[PDB]
Amino acid sequence: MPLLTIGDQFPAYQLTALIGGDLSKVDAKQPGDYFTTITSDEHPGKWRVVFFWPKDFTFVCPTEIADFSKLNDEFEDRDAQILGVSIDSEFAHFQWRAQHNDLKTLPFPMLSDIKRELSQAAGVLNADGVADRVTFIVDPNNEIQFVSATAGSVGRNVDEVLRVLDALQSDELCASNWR
Amino acid sequence: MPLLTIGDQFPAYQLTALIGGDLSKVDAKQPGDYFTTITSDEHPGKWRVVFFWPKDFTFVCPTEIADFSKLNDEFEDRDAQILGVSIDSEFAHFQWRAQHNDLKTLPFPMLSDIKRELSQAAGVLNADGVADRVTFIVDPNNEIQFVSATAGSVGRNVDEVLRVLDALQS
Amino acid sequence: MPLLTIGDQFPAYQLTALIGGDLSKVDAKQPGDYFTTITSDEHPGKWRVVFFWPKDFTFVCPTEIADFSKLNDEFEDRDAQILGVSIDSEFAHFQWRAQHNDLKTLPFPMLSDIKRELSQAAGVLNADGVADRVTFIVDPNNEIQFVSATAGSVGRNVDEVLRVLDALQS
Amino acid sequence: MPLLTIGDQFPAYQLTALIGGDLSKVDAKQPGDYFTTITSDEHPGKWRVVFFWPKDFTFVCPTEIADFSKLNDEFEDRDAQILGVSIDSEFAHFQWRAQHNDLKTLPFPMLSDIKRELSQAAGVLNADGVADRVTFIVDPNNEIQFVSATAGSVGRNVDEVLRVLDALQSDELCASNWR
Amino acid sequence: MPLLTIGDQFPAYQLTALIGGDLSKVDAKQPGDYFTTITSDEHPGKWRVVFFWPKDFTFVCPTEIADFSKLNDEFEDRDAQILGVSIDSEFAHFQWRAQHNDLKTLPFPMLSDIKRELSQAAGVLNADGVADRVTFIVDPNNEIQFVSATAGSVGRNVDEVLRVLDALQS
Amino acid sequence: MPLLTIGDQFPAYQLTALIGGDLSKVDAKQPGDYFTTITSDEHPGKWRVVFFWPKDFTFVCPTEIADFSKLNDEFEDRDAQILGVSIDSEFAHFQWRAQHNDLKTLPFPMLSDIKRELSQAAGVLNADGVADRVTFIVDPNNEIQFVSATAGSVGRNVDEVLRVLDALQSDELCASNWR
Amino acid sequence: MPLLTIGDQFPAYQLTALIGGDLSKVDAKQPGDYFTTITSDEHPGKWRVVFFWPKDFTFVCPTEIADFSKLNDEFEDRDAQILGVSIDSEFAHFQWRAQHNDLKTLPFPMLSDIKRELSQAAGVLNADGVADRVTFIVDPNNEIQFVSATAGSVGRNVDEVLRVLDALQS
Amino acid sequence: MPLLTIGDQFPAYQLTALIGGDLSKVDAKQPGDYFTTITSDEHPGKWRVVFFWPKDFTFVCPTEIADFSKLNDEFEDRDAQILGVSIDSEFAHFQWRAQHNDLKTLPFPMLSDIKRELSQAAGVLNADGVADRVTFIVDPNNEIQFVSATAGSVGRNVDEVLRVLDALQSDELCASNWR
Amino acid sequence: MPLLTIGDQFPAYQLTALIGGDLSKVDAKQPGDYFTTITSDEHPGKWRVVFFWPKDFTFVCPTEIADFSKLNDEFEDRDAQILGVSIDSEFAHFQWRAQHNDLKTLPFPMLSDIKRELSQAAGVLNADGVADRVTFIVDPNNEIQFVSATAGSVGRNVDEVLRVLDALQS
Amino acid sequence: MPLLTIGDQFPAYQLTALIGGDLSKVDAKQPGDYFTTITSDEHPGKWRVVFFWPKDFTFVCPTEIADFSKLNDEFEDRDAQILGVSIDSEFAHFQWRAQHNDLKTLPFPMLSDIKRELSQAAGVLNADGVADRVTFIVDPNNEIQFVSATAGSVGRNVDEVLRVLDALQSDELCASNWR
Amino acid sequence: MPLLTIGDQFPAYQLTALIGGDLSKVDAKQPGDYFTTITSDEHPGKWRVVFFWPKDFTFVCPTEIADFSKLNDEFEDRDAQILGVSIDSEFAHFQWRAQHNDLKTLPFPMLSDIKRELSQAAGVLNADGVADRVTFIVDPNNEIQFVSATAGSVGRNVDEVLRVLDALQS
């Protein structure tokens, strides 16, 4: 039940995830081809950008999803792995990504924290029993360098996150130099 | 040691603060004319926007500074009060605002959390002994609706927080 | 952690549910027009037939689905209320019932046990973190008269449970 | 929370300090050139003269500062290292020493006890949360031979301290022989 | 074992003392005519200046002694009472003041803390079993506003303490 | 806080003492020439005759002091070391022995029990915080063979003590044979 | 196990005693005519002089014995009561006083502390199981003003104790 | 505080005793010639006949003492050692045996249980603090074969004790055969 | 496990007993005509003489037996009641007194302590599981004034106990 | 205080017993010739038939005693040892067996459970403090195969016991076949 | 786990029983017409004779069976009620009595101790999980006057128990 802040080690985890990318391209030889297990050891040397939201089927003002799909290149260029998380099942992730045209090409994985152990460990599980809208940046040493949490149904600003990451990785001093 | 998150009651507080507004536009009747005491009960019905930073006298970006001053009206119009915090003394707030031209016209108060009790209560005091670079939004019920924390020396985006507040109010 | 058996009081509950009945036959006055809150006190004098499954959006057999809809009248005639349960959100129930033709006309409500408190109280939450594939029959005294649990992905026989209910009522 | 007296070992410490001396002379290649870490092991064989005050930006009647700058030679001549301490940050020390013309040449370091661990350990932290106006003399064996504490906004008398130190180091008997 | 600092309440006390003033100028009606009992309640509204030393009959500097006697008026004028203390007996105070010409005219009382209870309560009793060489200034609220402690055999500066008292009173 | 009786071991001790004998004869090269440390191991093979009194500056009816100075020969003749004790400082002992003409030649040492540890250990410290008027005789085995304690301001009878010692050392049976 | 010293309350007591005075000058009406019970309450306003010895029938010196009898008047004149004590039985006191010419005229009572409770309470009972050779002087408040203890078989000086009592009374 | 019965081990003891026999015959070179230490190990192979009484100076109806002096031969003939005990001192025993003409020749020792440790251990110490009138017979194995206790001032019957001892040592069955 | 001694209260008791007196001189109206219950309250004002033995049917000496019967009058005349005790049953007392000519005329009662509670309370029950060969004399206050215990098979002397009782009464 | 049932191990025991058989035939050289010690290890390979009764001198309706004397042959023929028990002394057993003409020839031993330890261990001691009327059959493995307990003054039926034993030893099924 | 003996209170009980008497002579109005509930309070003033056996359907001897039926009158005449017990179900009692000619006319009830609570309370439940072969006689005060237990498969003697009961009643 505690929430983590700057400097804290991000929790270990091992969760089933819906793969990123175009769903129609993976060969459909068995259902398990759509899913994988992802661990806290999965992205060595990379920064991890972790997005929690309460429930699949979210309809907040962003619009941020198309920006995920275009900006994953910017994250990769910055040795950054995007990871999305809710407590919904991988089949809910699957359902969400397959028929919401915008999500058909989401380029990064969707983790199912169905035991809530990770949401719990991160301090993100709320009184309704779901993950709050929270963003974490974790450095290659597994140390949190940024966390953002939002109430209600407020959309996330990803471009701000790119700026924050860049400033963290480059020692740029001014919010104004990012373009 | 605990960090508050959305939905938590923001801590009570009572701290000496350097006043907001045009700093040169003040009578020298007492040193205390530049200072006030600020409490969690002081603005009923207002949203409270709290900015923690580690230390005054560190380089801060001007574009981030202009707004507040251009946007302070936009926060005010919707019953939102800006509040700044570090553990430095109120005289340090005074000095920072008195000698650096950008801060001369800062429109909001600067609170001095010198015993670090509030930084402790919010969960923002870090291993270096200072308040983390943190933003809180508190609704009229003293309830947190937004929290943001940053490592190192990353500049803050005030326009983003205005965006968030407006969206929180719809 | 305890599984209820025959004679045990079925747990109290209060959960958001997707309504039963023709799903397309509903006014779009609010999103909440598709949803309701359901409690253990809601149908005094009725038998309650509770079906738990792990996850929506898994393949389910159509012949098992038709009845309910052909047999729902037979359950209803003898004061029996059908209830479905998974831990998925009510929006997942909505999506499953909205996009798969077989479920478009499902005549009974779908409850979302998202905190998993009821799955816990019934003893059906398993090591994978989900409700077991379980059926309960509860008499008008809130007393369990039948329980069934299944591993894996075995399809349920609704006609058998109707048989059992009828025999329990004689 | 205890205060130390004659004969007690002065606490160990390790604190960031603003360097003494003319600020304009150190090369400004990076900010860290203005600061150092100072430890209780930093001045072997020397007596340590430790001055606590509540807050930078102090405006008490002394005048003592110019006397620091002239008297550091007397302290050094007496194998004595002057050390000033408040809980303000090294940037507050920096601000204080750079634009108060009198402080521009303060010849000894300014320590930042921002965690209050040293003020706490010495018994100097007060009910307002700051270091009281206290002077300590510590011998080369780390043993306190003199402590003075003052309320409010009373200025310190440094010449008295020189006399006390001299009498401690020379076994002079009379307050009257010092000149 | 605890040493009091600024702001602490000075301990209560009740001790036999050798009187201040011209020592030869006293009637020999009883031995007790040379002695009195002194308490913490004895001078309401006065500041109290307390000097502890280890042992009487040790060499003390005359220039430090003259004032008190030239400056005793200056302390008195502003409601300040001088008090001397060692753990030696009151008869030792008597002997020291009776046989050493410098002390013949000492204008203030000498208290005998023979059980060492006050030295203990002030935190001044040291590892040699004696009161440290200590000065306290106590305000009319019994609150310490100044404390000074010295090792060894360093002579005290009375003029400095007068300076401090005057400044404390402004 | 307990008082010792016949057969008990006298406490160990280590105390600063004012030397016995003519004060004007010892060379005054430094103050420390007037004083020594005396321990419970200081007089091997000797009986110890220990006199406690409350305060230096005592003016009781004896007169016993001149008898100390004449009778120390009798004590020595009897392998007996006289030891006087109060809680006053060695400087008080010094003051007492230097200007009371009678005490100028006191031939035995004056111990300062300023920590009261010995008065405490012997059971001699009283409710006023000082040593009661008590006499002990301790045999070469450190065993008490006689103790006498007196209230108020009653003078001690030393000749009685000589008789007691002699009877203890000679197995003389009658109070009447001593002359 | 504790030995009383000056200022301590002398213990309460109630013991059978052989009477003082000319022993042959007594009626043989009962054996008990030679004996009495003595308590700590028996002589209000008197000083009490208590002599403990280990055992009766041991050689005691005559010169020490005459006074008491010549000096008993001097003790009596100033409200002082002499009391003797051993743990031997009262019949042993009787025998000692009845057969040894010196004791025939002993003017004060001899108490028998046969259970050794008083020797215990005064702290005088020793490792041999007997009362030490001890003298106490007790003032009219039951308060000890003098105590003396001796090893072995040292004869007591009664004249010294008279001296001390007189001086205690001035 | 417990009293011992048939079959119990008699307590160990080590006590000063007044010797038995004619007092005028032992050479009077020192007082210690009249006394000895007697232990529970003092009479190996012998039965021990132990008589407790409250106080020396006893004047009960027996008359038993002359019978002690004549019957000690019968006891010895029966490997029996007579032992008398009270809590009075050996000097009280001495006083009793020296001038009561009847006791001048008491042929067995008189033990002083002045610490009451033996009276206590045997269960013989009474509420007045003295040994009750009790007789014990202890066999060569230190085992009690007979105990008799009497209230008040009732005299003891020694001839009965001889009969009891004889019956114990001979397996005689009848009280009537003893003569 | 504790043995009572002089001065101790003799235990309370309530036991079946074979009557004293000429045994053949009794009506056979009931078996119980030969038996009675005896308590510690039964003879107020009498001394009680209690004899314990291990087992009936063991050889006992006749001369010791005659008195009681010749001396029973002497005990009775001074308010003394004889009482016999073993743990054997009352029928064993009956048999012993009925078949052995010496016992036919035994003038006092024989108590059966079959649960051994009294033997326990008096402290006379031994390691063989039986009452020791013990005599008690108890005064009218239920207070023991004499106790005697014997090993083995030593015959008792009744004349001695009569002597002792008479002397106890003077 | 517990009572034993089928399948339980019979308690260990070691008790003095009056011998069985004609009393006049054993040579009367000493009393101890009439008695022996009997232990739970005394009858290896035999079944033990144990009869408890409250008190010697019993006069119940059986008549069973003559049947003991005639039936001991049947018991022996069946490897069975009869044992009688009460808490009365062996002298009470002796008295009972010597003058009740019927008992003069009782062919089996009479045990004295005078410490009640066996009656206690078997659960047979009653609120009056005596053994209840109880019968046990114990197999060669020391295991109880039958127990019978009766209130009051009801006589025992030994022929029933023979039948029970025979059925236990032969696997005969019917109560009717015994003759 | 404790076995009751003579003098112990027989346990309370309440058990379903197969009725005694001619079994074919009963109306088939309900299955329950063959069954009753029996309690320890059901026959005030009667002696109760309780027979436990391990299992029905084991060979039992006919001669032992006839009486009861010839002797049931003799028990009844003196206020004695026969009761049979095993842990088998009442339907097993029914089957045993219904199909085996000897049992067709059994005149007393057969209780089913199916939870084994009474077998437990009487101390008769054995290591095989069944009631020992046990007989109890209980007097009108619910007090046991006789108990018998047997190993293995030893046939019971009913005539002996009648003998014992008669003798207990005299």
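Residues numbered from 1 in each chain as written, not as in the entry; some residues may be left out. Chains lettered and ligands numbered in written order. Part of a larger assembly, values for the part shown. Heavy atoms only, no water.

As documented in the archive entry, the model was determined using X-ray crystallography at 3.3020 Å resolution.

The PDB entry lists chain B under the name Alkyl hydroperoxide reductase C peptide, from Mycobacterium bovis. Within the UniProt record for chain B, the comment given under Catalytic activity (unreviewed entry) is "N(6)-[(R)-dihydrolipoyl]-L-lysyl-[lipoyl-carrier protein] + a hydroperoxide = N(6)-[(R)-lipoyl]-L-lysyl-[lipoyl-carrier protein] + an alcohol + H2O". What the UniProt record of chain B gives under Subunit (unreviewed entry) is the line "Homodimer; disulfide-linked, upon oxidation. 6 homodimers assemble to form a ring-like dodecamer. Identified in a complex with AhpD, DlaT and Lpd." (UniProt positions renumbered as here; feature names shortened; annotations may be inferred.)

Named according to the PDB entry, chain A is Alkyl hydroperoxide reductase C peptide originating from Mycobacterium bovis. The UniProt entry for chain A carries this comment under Catalytic activity (unreviewed entry): "N(6)-[(R)-dihydrolipoyl]-L-lysyl-[lipoyl-carrier protein] + a hydroperoxide = N(6)-[(R)-lipoyl]-L-lysyl-[lipoyl-carrier protein] + an alcohol + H2O". Turning to chain A, the UniProt annotation filed under Subunit (unreviewed entry) states: "Homodimer; disulfide-linked, upon oxidation. 6 homodimers assemble to form a ring-like dodecamer. Identified in a complex with AhpD, DlaT and Lpd."

A.B. asks: Could you give me a rundown of the overall build of chain A, with the residues and numbers involved?
C.D. replies: Each helix and strand counted, chain A has four helices and seven strands in total. Across chain A, helices and strands are ordered from the amino to the carboxyl terminus as β-β-β-α-β-α-β-α-β-β-α. Here the C-alpha radius of gyration of chain A, 16 Å, is about what a compact globule of 179 residues would show, namely 16 Å. With respect to the principal axes defined by its C-alpha atoms, chain A has extents near 50 × 35 × 35 Å. Burial analysis of chain A (179 residues in total) assigns 55% to the buried set. Partitioning the intrachain contacts of chain A with sequence separation of at least 6 by distance along the chain shows that 74% fall at a separation of at least 24. Computed over 15 positive and 28 negative side-chain charges, the inter-centroid distance for chain A is 5 Å. (Helix = DSSP H or I, 4+ residues; strand = E, 2+ residues; numbered from the N terminus. Rg over C-alpha atoms; globule rule 2.2 N^0.38 Å. Buried < 20%, exposed > 50% of the residue type's maximum accessible area, 1.4 Å probe, protein only. Contact = heavy atoms within 4.5 Å. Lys, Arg positive; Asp, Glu negative; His and termini not counted. Charge placed at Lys NZ, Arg CZ, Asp CG, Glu CD.)

A.B. asks: Give a detailed account of the sheet that holds strand β5 (residues 110–112) of chain C, specifying residues and quantitative values.
C.D. replies: The pairing of strands in a sheet happens through backbone hydrogen bonds and is either parallel or antiparallel. Residue and element names in this part refer to chain C. Across the sheet, seven strands lie side by side as β2-β1-β5-β4-β3-β6-β7; this open sheet has mixed pairing. Looking at strand neighbours, the two that pair on one side only are β2 (35–39) and β7 (144–150), the edges of this open sheet. Ignoring which end each strand starts from, the neighbouring axes of this sheet average 25° apart. Taken together, the six bridges between strand β6 (residues 133–138) and β7 define a ladder with antiparallel strand orientation. Considered in β7, the bridge of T135 is made with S148. (Pairing = 2+ DSSP bridges. Axes fitted to C-alpha atoms, helices over the stretch in contact; angles between N-to-C directions.)

A.B. asks: Which residues make up the interface of chain J and chain K, and what values go with them?
C.D. replies: Facing the 23 residues of chain J at the interface are 22 residues of chain K. Of the roughly 2000 Å² buried where chain J meets chain K, counting both sides, 60% is carbon and sulfur surface. At the boundary of chain J and chain K, one finds zero salt bridges. One can count seven residue pairs in polar contact joining chain J with chain K. Two elements, strand β7 (residues 144–150) of chain J and strand β7 (residues 144–150) of chain K, share five bridges in a ladder whose sense is antiparallel. When the sheet's bridge partners are listed, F146 of chain J is paired in β7 of chain K with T150 of chain K. (Buried area = accessible area lost by both parts, 1.4 Å probe. Salt bridge = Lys/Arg side-chain N within 4 Å of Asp/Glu carboxyl O. Polar contact = N/O pair within 3.5 Å; in protein donor to acceptor, adjacent residues only side chain to side chain.)

A.B. asks: Explain the interface of chain B and chain A to me, using residue names and the numbers behind them.
C.D. replies: Contact with chain B, which involves 22 residues of that partner, is made by 23 residues of chain A. Summed over both partners, the interface of chain B with chain A buries about 2000 Å², with 60% contributed by carbon and sulfur atoms. At the junction of chain B and chain A, the tally comes to zero salt bridges. If you list the elements that add at least two residues to the side of chain B that touches chain A, you get β7 (144–150) and α5 (158–169) of chain B. Ranked by residue count, the leading element in the side of chain B that touches chain A is β7 of chain B, at six residues.

A.B. asks: For helix α1 (residues 64–77) of chain F, give the residues involved together with the corresponding values.
C.D. replies: All names here are of chain F. In a regular helix each residue adds 1.5 Å, so 14 residues correspond to 20 Å; α1 covers 19 Å between its end C-alpha atoms and thus fits that length. Taken as a whole, α1 carries its principal kink of about 50° at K70. Looking at the buried side of α1, the elements it contacts are β3 (47–52), β4 (80–86) and α4 (158–170). In the stretch just after α1, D79 is the one whose phi turns positive, near 55°. (Expected span 1.5 Å × (residues − 1). Bend = angle between axes of the 7 residues up to and from the residue.)

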